[PDB]
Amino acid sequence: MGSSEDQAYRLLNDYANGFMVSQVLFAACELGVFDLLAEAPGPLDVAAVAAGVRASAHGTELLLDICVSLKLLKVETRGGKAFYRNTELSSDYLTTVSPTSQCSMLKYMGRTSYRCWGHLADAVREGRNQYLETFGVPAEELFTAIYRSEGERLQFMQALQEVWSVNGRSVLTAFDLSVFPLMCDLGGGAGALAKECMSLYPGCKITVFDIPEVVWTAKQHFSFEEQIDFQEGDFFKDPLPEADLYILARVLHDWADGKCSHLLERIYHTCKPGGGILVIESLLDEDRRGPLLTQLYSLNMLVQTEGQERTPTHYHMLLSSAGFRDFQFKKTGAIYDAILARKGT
């Protein structure tokens, strides 16, 4: 709030205004402000940004000035004009060329999640997702609602690959996976995690398993290399590729316990002695009261998917019931953690 107001009032305003700060970041990403600034020979003024993003003078200045206050951009003065430049933050996470780019996820959060979240009170009220109430699109089959169009499936796929450029190494190296020569990424999407897995484990080979529409899009928009293979199908009913390790990264959180149990059971019966299951999810503290970002993510699963985020013990009951033993989890200090369980005799 105001600089002299009581701390509780300032906090309440921070929370109330949060949606505005999210949209400033999302719109700056959608307009390509950071890309234009990274492609420029040096820093740019309002009129040069407004012209490059094809937007209004007043609108651009408001946007750039808010970005400076938020520490997403730096400003400098030359003559009778402000000149904007990228920060370490925006160069690393907000430019398309950066390997650690978070662009596509931000644009996705802005275009889909933000819309869904307006219906939060009803998702809480009813205990169910709101794709029909938000997009008019039936969600009886979760992913036909999520991939409501070709361009929307490419965007989802581009969005999801982005976290692995920052979190990939932590999760794949939490446990020594060199022990599993043949791997399968169930619901592997574009294959970003698999690409990382193969550079990390030179001996290993991996199959990316996903629905026919994702596999086709992955091959059409992402190039590959000699360690990675693709199998298309439905993990709830099709035969799974033979593997020593099955990886489930952000798959279990999309579904309720019963659906999770079914998939875990199929994987278990497909595994051989010494076989493993690597579950990659954001772990909830045992009291379900943190971390805050994970709690928000669990609420985002209520609003969007059929699932929730879970505690280590919850993933343990699920994996133990499916038949797995030697349950171990590793808290990475990152958004995504790793769980590994094995099949015995």
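The first residue of the sequence shown is number 1, and the count goes up from there.
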What does the record say about the segment between residue 224 and residue 225: how many deposited residues are without coordinates (none, 1 to 3, 4 to 9, 10 or more)? 1 to 3
Higher mean Cα B-factor in the deposited model: 147-155 or 174-182? 147-155
Out of 285-293 and 35-43, which one has CA B-factors that are higher on average in the deposited record? 35-43
Choose from 75, 263, 206, 256 the residue with the greatest Cα B-factor as stated in the PDB record. 75
Select one of 142, 248, 193, 109: the residue whose C-alpha shows the highest B-factor in the crystal structure entry. 142
Ranking the modelled residues of this chain by C-alpha B-factor as given in the entry, is residue 52 in the lowest, middle or highest third? highest
Tertile call for residue 237 (CA temperature factor, within chain, third-based) is the middle
Residue 88 by Cα B-factor - lowest, middle or highest third of the modelled chain: highest
Comparing residue 135 with the other modelled residues of its chain, is its CA B-factor in the lowest, middle or highest third? highest
Please rank the C-alpha B-factors of the chain's modelled residues and tell me whether residue 113 sits in the lowest, middle or highest third. lowest
